[PDB]
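Here's the structure we're looking at; comments come further down.
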Amino acid sequence: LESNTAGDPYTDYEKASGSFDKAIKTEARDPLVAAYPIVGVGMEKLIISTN
Amino acid sequence: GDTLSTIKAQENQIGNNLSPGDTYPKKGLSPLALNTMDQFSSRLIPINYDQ
Ligand SMILES: [Ca+2]
């Protein structure tokens, strides 16, 4: 009863078929695993330029 | 180890076309100039005093 079961922009066929952006990890082909990016940012250095 | 800045070059240092195996500037010229840092090509790339 839903175009997109997982809720992500890709419909159940799309996920099941594997016919989308192929870079997506393969488990997200399951219509219950959200094809969904989780992006955090890491610090490595800090520069203090006195004015 | 640190990073002075990051320049997504603007329209001046841009490259119109680049055939495979070619270069920009092409084989005959001298290298071009990346002079600035922001999206309008007005302000040159700065550094610290102790830098
Ligand atoms: Ca469905």
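Numbering starts fresh at 1 for the residues of each chain in the structure tokens, the chains themselves are lettered A, B, ... in the order given, and ligands are numbered from 1 as they appear.
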
Chain A contacts to chain B at 12 Å (only C-alpha atoms) as a ChimeraX atom specification: /A:43-51

Expected answer as a PyMOL selection string: residues within 6 Å of ligand 1, only C-alpha atoms and all ligand atoms: chain A and resi 1-5+12

Exercise: residue A:14 partners within 12 Å, only C-alpha atoms, chain neighbours under 3 positions left out, as a PyMOL selection string: chain A and resi 3-6+8-11+17-22+24+28-31+35

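Reported to one decimal place, the separation of atom CA of residue B:12 from atom CA of residue B:29 is 16.2 Å.
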
Contact residues around residue B:34 with only C-alpha atoms at 12 Å, ignoring same-chain residues under 4 positions, as a ChimeraX atom specification: /B:6-15,38,41-45

Atom pair atom CA of residue A:36 / atom CA of residue A:13: separation (Å): 16.7 Å

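Residues of chain A that DSSP, applied to the backbone, places in alpha helix (DSSP H): residues 12, 13, 14, 15, 16 and 17 of chain A.
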
Only N, CA and C atoms, please: the residues just picked out, written as a compact mmCIF listing (two decimals), in the first residue's frame.
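Now in out-v1.txt:
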# COMPACT_ATOMS: atom_id res chain seq x y z
N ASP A 12 9.74 0.46 -4.30
CA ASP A 12 10.07 -0.91 -3.93
C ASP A 12 10.66 -1.66 -5.10
N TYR A 13 10.07 -1.51 -6.29
CA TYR A 13 10.67 -2.10 -7.48
C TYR A 13 12.10 -1.63 -7.65
N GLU A 14 12.29 -0.31 -7.66
CA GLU A 14 13.62 0.25 -7.85
C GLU A 14 14.62 -0.41 -6.93
N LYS A 15 14.32 -0.44 -5.63
CA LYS A 15 15.24 -1.06 -4.69
C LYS A 15 15.40 -2.54 -4.99
N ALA A 16 14.29 -3.25 -5.17
CA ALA A 16 14.35 -4.69 -5.40
C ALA A 16 15.12 -5.00 -6.67
N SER A 17 14.77 -4.33 -7.77
CA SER A 17 15.43 -4.60 -9.05
C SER A 17 16.92 -4.29 -9.00

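Taking atom CA of residue A:37 and atom CA of residue A:23 as endpoints, the distance between them is 11.7 Å.
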